[PDB]
2 protein chains.
Amino acid sequence: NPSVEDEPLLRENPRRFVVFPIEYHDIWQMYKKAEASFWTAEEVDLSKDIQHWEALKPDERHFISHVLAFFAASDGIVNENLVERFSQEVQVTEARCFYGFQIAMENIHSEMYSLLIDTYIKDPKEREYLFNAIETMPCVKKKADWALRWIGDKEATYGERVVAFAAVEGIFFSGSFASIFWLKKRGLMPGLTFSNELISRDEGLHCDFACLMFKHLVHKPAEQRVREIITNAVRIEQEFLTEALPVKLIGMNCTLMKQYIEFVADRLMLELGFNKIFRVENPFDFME
Amino acid sequence: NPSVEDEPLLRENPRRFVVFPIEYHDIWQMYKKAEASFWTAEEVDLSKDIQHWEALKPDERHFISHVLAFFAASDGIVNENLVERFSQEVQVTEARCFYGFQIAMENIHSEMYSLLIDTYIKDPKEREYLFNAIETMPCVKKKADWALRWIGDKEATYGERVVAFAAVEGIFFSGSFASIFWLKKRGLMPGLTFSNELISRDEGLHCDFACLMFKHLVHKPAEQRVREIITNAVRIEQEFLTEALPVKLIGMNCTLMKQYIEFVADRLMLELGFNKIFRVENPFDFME
Ligand SMILES: [Co+2]
Ligand SMILES: [Co+2]
Ligand SMILES: [Co+2]
Ligand SMILES: [Co+2]
């Protein structure tokens, strides 16, 4: 390999397989924060929610079910990206650790969503419909396809793929994470919202890490390119939350939801070392 | 792909990425046992050992240091096998889960050994010597090379590679796990032996799982082939523990150590569904 041979993160250097002669304390500290946040789905008590789900309005259940549909496999995709690309291509021991843990936690998120979906939708029909939302519901498909693309895209560089996946884990999740936090505020679905809390704290960590990898990348995509992969994520996430599945359904103001998504992308841009794109304030007090 | 298209474990079937429509409860139960056994190195208290290491005899420290040398990277190799082969080639959600966890736990074992090595060898010279034992100490190299081979071996089949790695995780570790348990018995090195307890319980689980994968493999290697990959592991592990690093050094009877290694391989053969090879009793009461 050429250009790669000059990238600390990817260079075939290791000639080691050991951990303590610690090379990057920043990457290491990130792996430690994650190890510290370990949790199992068994910990989220879903016993009640089954009826909480009943107390809901039809438009709300519609909403929450479509949102779950998406979360049902995305953390699937992620782990399929991390095991056949990142945790691989990267040869820095501290980063492979962070990545080994991320994969373990994505399979737990993945499990969490399923339990959710099983606890709420008992009629088998719907259940299968939601489980295979990747191939049944357009909107989510137009999402899963995006993250699914950077996996097999044989052309994109690790620089571009890290950003894109940061967009998937932060922008593609921010929409729903915000709306789920809304419910919590409004006193609804404590099993949903509690799980949504643990998981969100993980995705936050998975993005900062992605950003951190980006910053250890030498030859990275130009700002304009990054701005465009992020911007596109914003549009696909917006369209999703104020069109194919309007947050109106749970009583939220689309226009503000949009502004939030942008505020999120702005925070992602800072993290990556660039300027804000949209320059808009985070409109939800319970999010800032 | 041909033959593979007919293997449940490897067939490009998924078209899912979700976990709850649970297909194999046996593989699932194995992933749950593992999730349940989670532990962090932070949990092993090494505060004392530094001097316990001093109370030891020179031949014993020699022994324990060379044994650590090996454990310093093997769990490195394993995870490099699991991320760029098994967790990949396998498409069964329950198995990828077990594998996501195994990788997370191997990076912790990997960390555990380093902490050990740092706590015991303070002089930097030795320390680097042991950390790079893969390229410094023959005997271990003749071990790491074996597991390292089935990783890049482009010819071997997933059937053969599962057995071989089961040989690496059970036979290549049994020797040292036995001798470390000896010390525990004889009142020595509680930090070493305690960590050696947690880790051993994991490798046991990693082998049964490997065996379990083998049993879900349709078209597998013939018994003779399996007998030979296992037998070879026995010889390389024996030679190591009664030649290049005789258990004599910690007061153990080589001849019996050999018999143990065979008893271990026999238990591995049963597990895989075959007949015992050696037919010898497990000689250590504290192991059977
Ligand atoms: Co996740
Ligand atoms: Co994530
Ligand atoms: Co291990
Ligand atoms: Co193992």
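What the entry reports as its method is X-ray crystallography, with 2.4 Å given for the resolution.

Visitor: Could you give me a rundown of the interface of chain A and chain B, with the residues and numbers involved?
Guide: Taken together, the 42 residues of chain A in the interface contact 42 residues of chain B. Counting each side, the surface lost to burial between chain A and chain B is near 3,500 Å², with a carbon and sulfur contribution of 57%. Scanning the region where chain A abuts chain B turns up eight salt bridges. On the surface where chain A and chain B come into contact, there are twelve residue pairs in polar contact. Those elements giving two or more residues to the side of chain A that touches chain B turn out to be α1 (25-36), α4 (74-89) and α5 (93-120) of chain A.

Visitor: Now, about the coordination of the cobalt ion (ligand 2): what can you tell me, with residues and values included?
Guide: Residue and element names in this part refer to chain A. Looking at the cobalt ion (ligand 2), one finds its protein donor set to be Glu106 (OE), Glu169 (OE), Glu169 (OE), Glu203 (OE) and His206 (ND1), positioned 1.7 to 2.4 Å from the metal centre. Sequence spacing among the residues donating to the cobalt ion (ligand 2) works out to E-x62-E-x33-E-x2-H. A distance of 3.4 Å spans the gap from the cobalt ion (ligand 2) to the cobalt ion (ligand 1), which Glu106 bridges by coordinating each metal. One end of the pair, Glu169, is in helix α8 (residues 158-185); the other, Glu203, is in helix α9 (residues 190-214), and 34 residues separate them in sequence. Each member of the pair, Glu169 together with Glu203, is buried.

Visitor: Any chance you could break down the pattern of salt bridges for me, citing the residues and the numbers?
Guide: Applying the stated criterion to the full structure yields 32 salt bridges over all chains. A salt bridge links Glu89 of chain A to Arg161 of chain A; the shortest N-O distance between them is 2.5 Å. Placement of the pair is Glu89 of chain A in helix α4 and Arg161 of chain A in helix α8, with a sequence separation of 72 residues. Under the relative-accessibility criterion, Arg161 of chain A is labelled buried at 2%. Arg225 of chain B is the salt-bridge partner of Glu160 of chain B, the closest N and O atoms lying 3.0 Å from each other. On the criterion of sequence distance, the pair formed by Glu160 of chain B in helix α8 (residues 158-185) and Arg225 of chain B in helix α10 (residues 223-244) is long-range, its members being 65 residues apart. A relative accessible area of 24% means that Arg225 of chain B is categorised as partly exposed.

About the thresholds
- Residues numbered from 1 in each chain as written, not as in the entry; some residues may be left out.
- Chains lettered and ligands numbered in written order.
- Heavy atoms only, no water.
- Contact = heavy atoms within 4.5 Å.
- Buried area = accessible area lost by both parts, 1.4 Å probe.
- Salt bridge = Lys/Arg side-chain N within 4 Å of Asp/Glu carboxyl O.
- Polar contact = N/O pair within 3.5 Å; in protein donor to acceptor, adjacent residues only side chain to side chain.
- Helix = DSSP H or I, 4+ residues; strand = E, 2+ residues; numbered from the N terminus.
- Donors = N, O, S within 2.8 Å, 3.2 Å for Na, K, Ca; no water.
- Buried < 20%, exposed > 50% of the residue type's maximum accessible area, 1.4 Å probe, protein only.

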